Amino acid sequence: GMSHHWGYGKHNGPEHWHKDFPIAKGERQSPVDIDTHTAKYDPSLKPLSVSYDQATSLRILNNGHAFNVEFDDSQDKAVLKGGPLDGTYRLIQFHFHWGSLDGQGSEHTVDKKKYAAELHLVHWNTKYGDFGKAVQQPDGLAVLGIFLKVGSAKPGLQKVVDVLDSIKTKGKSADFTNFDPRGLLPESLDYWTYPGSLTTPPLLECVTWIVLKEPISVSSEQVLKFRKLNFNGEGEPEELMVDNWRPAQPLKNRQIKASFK
Ligand SMILES: NS(=O)(=O)c1ccc(CC[n+]2c(-c3ccccc3)cc(-c3ccccc3)cc2-c2ccccc2)cc1
Ligand SMILES: [Zn+2]
């Protein structure tokens, strides 16, 4: 992707992606608006299993469109299974999408409601061997989406907030060991699920989306720090990293299932 030029600006934003990535107008694109009254409770869904006790984080990176907290996924240590999934999915990284204002920032919406941000914990299906092969499969990834609203601070997020100063610009990374992602989960694991895609190019249709109904609360100061990051690299005109979210796409021929009544 050394020649990719997509972004979230006015000239390379979501409405332009289809030119370089035609699958942008595909049949199972994400995110989507979750119509709570049309999502049907599916009694056959199993409880979700999030096992992060052995998660091993390694680094945090500003990649020019978000920041990723990467994990060592060379062994089965932080896995997601159950719920709508068959098999075991291993955690590889998490990142967020956020807005320039508290009134927007999430990718998925709930009855058109936009949250201040959205956390994505990305997992790949171990039956495919590695992440690169998994994204080429319809059931290659499971992304756990969690909404963020502004209110009380999330203690578990502060370590992330404090390290952002060190990765202000595109390409900067910092050691980020021993970060426990369990500190970013809400109390309830009730969720909605549907088949979709990566929400940034290459927009591959390889994701089983699992979006939690309960958002976590983060403080205004915490999200404010996210907004001080830069999309640009060091030494270039500063462009604040805000509004790095893709808007809701057509649901087309898909049903969103709810794990709860
Ligand atoms: N929002 S999401 O649906 O959860 C989603 C998950 C994974 C991905 C692919 C991961 N990814 C990201 C990437 C994208 C978004 C967030 C974090 C990293 C960047 C480059 C990148 C490209 C150019 C320069 C710098 C970074 C690449 C990839 C990527 C692609 C395919 C295979 C392997 C990695 C895309 C979307
Ligand atoms: Zn994402």
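General remarks:
- In the range 196-226, residue nearest to ligand 1 (Cβ to nearest atom) [restricted to those that are part of a loop (DSSP other than H, G, I, E, B) and among the aliphatic types (A, V, I, L, M)]: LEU198
- Checking each residue in the range 95-123 for being hydrophobic (A, V, I, L, M, F, W, C) and either farther than 26 Å from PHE226 by Cα or outside any strand (DSSP E or B) (or both) picks out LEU101, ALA116.
- Residue in the range 115-133 that is away from ligand 1 (no atom under 14 Å from the Cβ) and either under 18 Å from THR36 (Cα atoms) or touching a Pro at 6+ places or on another chain (Cβ under 7 Å) (or both) present: yes
- Unique residue being surrounded by 15 or more Cβ atoms within 10 Å (Cβ to Cβ) and part of a loop (DSSP other than H, G, I, E, B) when the list is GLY87, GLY1, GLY64: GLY64
- Within the range 190-244, tally of residues that are among the charged types (D, E, K, R) and out of contact with any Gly (no Cβ under 8 Å at 6 or more places or on another chain): 9
- Unmet criterion (only one of (1) more than 16 Å from ligand 1 (Cβ to nearest atom); (2) out of contact with any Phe, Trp or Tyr (no Cβ under 8 Å at 6 or more places or on another chain)) for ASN62: (1)
- Of all residues in the range 1-27, those that are within 16 Å of ligand 2 (Cβ to nearest atom) have Cβ atoms under 9 Å from Cβ atoms of residues that are among the β-branched types (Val, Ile, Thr), 6 or more apart or on another chain, in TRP6/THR200; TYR8/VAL242; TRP17/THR200.
- Filtered residues of the range 132-156 (kept if within 14 Å of ligand 2 (Cβ to nearest atom) and closer than 22 Å to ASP86 by Cβ): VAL135, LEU141, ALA142, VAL143, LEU144, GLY145
- In summary, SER152 fulfils each of the numbered conditions (1) farther than 30 Å from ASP33 by Cβ; (2) out of contact with any helix residue (DSSP H, G or I) (no Cβ under 8 Å at 6 or more places or on another chain) with the single exception of condition (1).
- Look at the range 226-248: where a residue is closer than 24 Å to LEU157 by Cβ and within 14 Å of ligand 2 (Cβ to nearest atom) and a partner is aromatic (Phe, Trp, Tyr) and in a loop (DSSP other than H, G, I, E, B), sitting 6+ places away or on another chain with Cβ atoms under 6 Å, you get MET241/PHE231; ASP243/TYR8; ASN244/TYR8.
Each reported figure results from applying straightforward, stated rules to the coordinates on display, with no laboratory input. Positions of Cβ are backbone-derived with ideal geometry, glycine not excepted, and every protein chain shown enters the neighbour counts.
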